Number of protein chains: 2
Amino acid sequence: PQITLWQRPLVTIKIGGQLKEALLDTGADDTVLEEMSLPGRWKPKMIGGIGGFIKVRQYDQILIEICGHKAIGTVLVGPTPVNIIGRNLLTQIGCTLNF
Amino acid sequence: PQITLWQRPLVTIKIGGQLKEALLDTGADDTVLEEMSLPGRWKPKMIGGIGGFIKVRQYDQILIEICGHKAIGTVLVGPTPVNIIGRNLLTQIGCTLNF
Ligand SMILES: O=C(N[C@H]1c2ccccc2C[C@H]1O)[C@@H](C[C@@H](O)[C@@H](OCc1ccccc1)C(=O)N[C@H]1c2ccccc2C[C@H]1O)OCc1ccccc1
């Protein structure tokens with residue numbers, strides 16, 4: 001589809017059998033979701049954005065479905081204000097910026 | 001042009017007769033640039049990101065050229081880690097997300 005930017009580009013994602021709303025964020029290098037439980041081991045990581053850094057848990061090889069498109073990649077979990085779908089996963093669904 | 005996301009979507013912008021590099025960020029509601037001098041009066045604004053909030057200076061009706069496209073709008077200036085072109089200007093240049 002073609003998503004305009006008059007409003008925040010929010011989409012429904014499916015992860016771990018749960019439906020959630022997330023932002024397609026081209027400014028985010030990685031994907032970070034609000035606190036939740038995911039299978040497997042995780043490594044601690046610090047990510048920085050506007051306002052500073054937050055500590056998150058890094059999970060690898062996580063399957064996520066974005067608007068019907070299956071994608072696999074690293075997913076970070078932590079105290080993020082909103083669910084963010086970053087470039088590591090946007091590339092997998094063939095998302096591009098056009099103008 | 002069509003920009004993929006395997007690397008950060010950085011583009012050259014021109015503001016105040018100077019060339020700078022900025023990120024095309026669909027996750028940013030507004031446009032915020034690193035500390036610099038702009039004409040006119042400014043108003044206070046607080047913007048929240050993944051790590052918290054930062055105070056910025058808001059300048060209105062600022063001329064900014066993005067990857068060749070001229071835009072005139074609100075530009076925020078503050079302690080941002082990188083120059084960010086947000087949705088307010090992305091819409092002016094007709095930028096959309098596609099997949
Ligand atoms: O903060 C955000 N948006 C806010 C904003 C920005 C400017 C002006 C106004 C407003 C209001 C609001 O929309 C966006 C910004 C995000 O696109 C990016 O910023 C560029 C950036 C790039 C590199 C280093 C630092 C910063 C980032 O933090 N990347 C980092 C990141 C994110 C997730 C995972 C990893 C990493 C590493 C960095 O790439 O975050 C999503 C969000 C939306 C709404 C509310 C809270 C949070």
Side-chain angles (χ1 to χ4, degrees), chain A residues 1-11 13 21-34 45-56 65-71 73 76-99, chain B residues 1-11 13 21-34 45-56 65-71 73 76-99:
Chain A
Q2 182 176 88
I3 300 171
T4 52
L5 300 173
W6 300 111
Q7 306 305 315
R8 289 185 171 184
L10 295 178
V11 301
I13 65 168
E21 188 172 63
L23 185 65
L24 298 182
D25 194 341
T26 58
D29 295 332
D30 285 296
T31 296
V32 60
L33 303 179
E34 65 197 323
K45 183 180 189 179
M46 208 74 82
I47 57 179
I50 296 293
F53 293 73
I54 54 167
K55 178 182 177 184
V56 301
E65 183 173 293
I66 307 170
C67 296
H69 300 65
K70 293 181 182 175
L76 309 178
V77 176
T80 177
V82 58
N83 293 315
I84 298 168
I85 298 306
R87 293 190 301 100
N88 72 305
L89 291 182
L90 293 176
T91 55
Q92 303 297 287
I93 63 175
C95 185
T96 60
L97 281 171
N98 304 78
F99 62 102
Chain B
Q2 174 166 288
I3 301 180
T4 52
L5 303 169
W6 302 98
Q7 69 188 195
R8 286 184 172 181
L10 295 176
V11 296
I13 59 167
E21 275 180 48
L23 235 189
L24 296 180
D25 193 349
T26 59
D29 296 328
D30 311 301
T31 294
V32 61
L33 302 180
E34 293 165 43
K45 195 177 195 303
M46 293 286 273
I47 56 174
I50 61 174
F53 292 71
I54 59 173
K55 43 189 171 184
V56 297
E65 183 163 350
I66 305 167
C67 205
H69 296 60
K70 293 183 186 300
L76 307 178
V77 179
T80 175
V82 295
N83 293 317
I84 296 171
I85 302 303
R87 291 190 300 99
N88 73 303
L89 299 185
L90 290 177
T91 52
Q92 281 197 34
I93 59 172
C95 186
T96 61
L97 278 174
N98 299 272
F99 61 95

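Letters A, B, ... mirror the listed sequences (proteins, then strands); counts begin at 1. The figures here come from the full heavy-atom set of this structure, side chains too, leaving out hydrogens, waters and symmetry mates.
Heavy atoms closer than 4.5 Å to chain A are found in the side chain of B/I54, but not in its backbone. Of the atoms belonging to B/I85, not a single heavy atom falls under 4.5 Å from chain A. Residue A/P1 touches chain B through both its backbone and its side chain, counting heavy-atom pairs closer than 4.5 Å. Contact of B/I93 with chain A is made through backbone and side chain together, with heavy-atom distances under 4.5 Å.
Panel note: side chain A/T26, backbone B/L5; no donor-acceptor pair is recorded below 3.5 Å. A distance-only check finds no donor-acceptor pair linking the side chain of B/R8 to the backbone of A/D29 [under 3.5 Å].
B/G49 and A/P81 make their closest contact through O-CG, 3.7 Å (heavy atoms, listed as atom of the first residue, atom of the second, distance).
B/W6 contributes atom CH2, which lies 10.0 Å from atom CG of A/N88 (distance to the nearest 0.5 angstrom).
Counting heavy-atom pairs closer than 4.5 Å to chain B, the top-ranked of the candidates A/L97, A/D25, A/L90 is A/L97. When the candidates B/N98, B/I50, B/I3 are compared by the number of heavy-atom contacts under 4.5 Å with chain A, B/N98 comes out ahead. Considering only heavy-atom pairs separated by less than 4.5 Å from chain B, the leading option among A/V82, A/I47, A/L23, A/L24 is A/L24.
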(request) Check step by step if side-chain contact (heavy atoms from CB on, under 4.5 Å) holds for A/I66 and B/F99. (result) CA-CA 11 Å; A/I66 307 170; B/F99 61 95; 5.5 Å; no
